[PDB]
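Chain by chain, the residues run as shown.
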Amino acid sequence: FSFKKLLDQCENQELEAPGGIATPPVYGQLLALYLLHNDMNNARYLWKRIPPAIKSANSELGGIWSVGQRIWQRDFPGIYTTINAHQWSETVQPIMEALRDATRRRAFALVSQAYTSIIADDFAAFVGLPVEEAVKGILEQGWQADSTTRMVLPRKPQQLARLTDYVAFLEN
Amino acid sequence: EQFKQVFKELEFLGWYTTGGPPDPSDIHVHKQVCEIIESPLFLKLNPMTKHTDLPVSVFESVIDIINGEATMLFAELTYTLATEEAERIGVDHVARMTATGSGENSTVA
């Protein structure tokens, strides 16, 4: 609820502009927020909306688009590298800190649903952390893991008023 | 004479009325009925009842030996609800069905 209150605040600022062009940081926030909501079509159209002159002026905008290109191809092992290729200032940094978590949870849901057996090499590149999940996942979440072959096995875990509305409509 | 032609082995037993508690007029009508039959019954239905017991109440005449003027009183009775096969089937059929509405009121009502 609190997050939604900030979402609609940035929406209208771009529409009203003294000359049809808003300040650079407003443009960057909308593009990054589109990535967080997985709305890829509007994110692509926003990039096409920015004039070329301002686009080349600020390379910070280009850093958002390079990450957006990877997530547009659903390249899970590649988005984690582009999100760290550039350095984002603290004004836009917290938004990226939430997009990374959203991508991380998205891979977890996709693997558990679309895969019955997945190589540990490929699964680590999906979830994003090939650091400490190798040993922690065996005993905590209960997923049986087999070494050498490296196969992971995901496992699955008031009306009365409505009715009288129907009759009052049908009989009349 | 009319009903004797259809119900051969059936005889007069009493009368009935609709209302609340027994009234004096009920006692005069009972006195009138007593000229027809020696020991008449007296049924009384209460369509205006406001409780969960059957309004039907069966009474019986009692003659007192009160000193001076002589009066007659009503004594209540305990009645059963015996039915026959066809009567039971008909009553069950009538009381089971609920598609009885007709007119302005909705079938929901």
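Just above, that's the structure.
Below: a short report on this structure.

When you go through chain B residue by residue, the secondary structure sums to two helices and four strands. Here the C-alpha atoms of chain B give a radius of gyration of 19 Å, more than 25% beyond the 13 Å that 2.2 N^0.38 yields for 109 residues. If one aligns the C-alpha atoms of chain B with their principal axes, the spans along those axes are about 60 × 40 × 25 Å. Contacts in chain B between residues far apart in sequence, at least 24 positions, make up 38% of those at least 6 positions apart.

Moving on, we come to the packing of helix α7 (residues 93–114) of chain A against helix α8 (residues 120–127) of chain A. Residue and element names in this part refer to chain A. The N-to-C vectors of α7 and α8 enclose an angle of 140 degrees; their axes lie 8 Å apart at closest approach. The residues of α8 that touch α7, namely those facing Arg 104, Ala 107, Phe 108 and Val 111, are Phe 123, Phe 126 and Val 127. A class-by-class count of the residues in the contact of α7 with α8 yields six nonpolar, no polar and one charged.

With that settled, the discussion passes to the packing of aromatic side chains. Per the counting criterion, the structure on display carries eight aromatic pairs over all chains. Seen in terms of ring centroids, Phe76(A) and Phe126(A) are 5.3 Å apart; in terms of plane orientation they differ by 25 degrees. Their pairing is stacked. In this pair, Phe76(A) is assigned in helix α6 (residues 76–85) and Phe126(A) in helix α8, connecting sequence segments 50 residues apart. Where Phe42(B) meets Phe59(B), the ring centres are 5.6 Å apart and the plane angle is 35 degrees; that geometry is what we call tilted. Of this pair, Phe42(B) sits in strand β2 (residues 41–45) while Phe59(B) is found in strand β3 (residues 57–63), placing the two residues 17 residues apart along the sequence. Owing to a relative accessible area of 0%, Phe42(B) belongs among the buried residues under this scheme. Under the relative-accessibility criterion, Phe59(B) is labelled buried at 8%. Members of the aromatic cluster, connected to one another through ring pairs, are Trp15(B), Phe42(B), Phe59(B) and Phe74(B). If you follow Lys55(A) out to its NZ or CZ, it ends over the ring of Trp47(A), 5.1 Å from the centre.

What follows deals with the sheet that holds strand β3 (residues 151–152) of chain A. Residue and element names in this part refer to chain A. Overall, antiparallel pairing links the three strands, which are arranged β1-β3-β2 in an open sheet. Of all the strands in the sheet, just β1 (118–119) and β2 (145–146) have a single pairing partner and so form its edges. Strand direction decides the pairing type here: β1 and β3, joined by two bridges, are antiparallel. For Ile 118, the partnering residue across the bridge sits in β3 and is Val 152.

We now examine the pairing of strand β1 (residues 14–18) of chain B. Residues and elements named next belong to chain B. Inspection of the sheet shows β1 paired to β2 by five bridges, in the parallel sense. In the strand pairing of β2, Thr 18 is matched with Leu 45. Crossover connection from β1 via helix α1 (residues 24–34) to parallel β2: handedness right-handed.

Okay, the environment of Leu45(B) next. All names here are of chain B. Tracing the sequence through the fold places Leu 45 in strand β2. When its relative accessible area of 34% is taken as the criterion, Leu 45 is described as partly exposed. Through-space distance from the C-alpha of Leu 45 to that of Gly 90 is 21 Å; in sequence the pair is 45 residues apart.

Thresholds applied
Residues numbered from 1 in each chain as written, not as in the entry; some residues may be left out. Chains lettered and ligands numbered in written order. Part of a larger assembly, values for the part shown. Heavy atoms only, no water. Residues with missing side-chain atoms left out of burial classes, pairs and counts. Helix = DSSP H or I, 4+ residues; strand = E, 2+ residues; numbered from the N terminus. Rg over C-alpha atoms; globule rule 2.2 N^0.38 Å. Contact = heavy atoms within 4.5 Å. Axes fitted to C-alpha atoms, helices over the stretch in contact; angles between N-to-C directions. Nonpolar A, V, L, I, M, F, W, Y, C, P; charged D, E, K, R; others polar. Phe/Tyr/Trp six-rings, centres within 6.5 Å; stacked < 30°, edge-to-face > 60°. Buried < 20%, exposed > 50% of the residue type's maximum accessible area, 1.4 Å probe, protein only. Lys NZ or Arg CZ within 6 Å of the ring centre and 35° of its normal. Pairing = 2+ DSSP bridges. Right-handed = clockwise from strand over helix to strand, strands pointing away.

On their own, these measurements won't tell you what the molecule is for.
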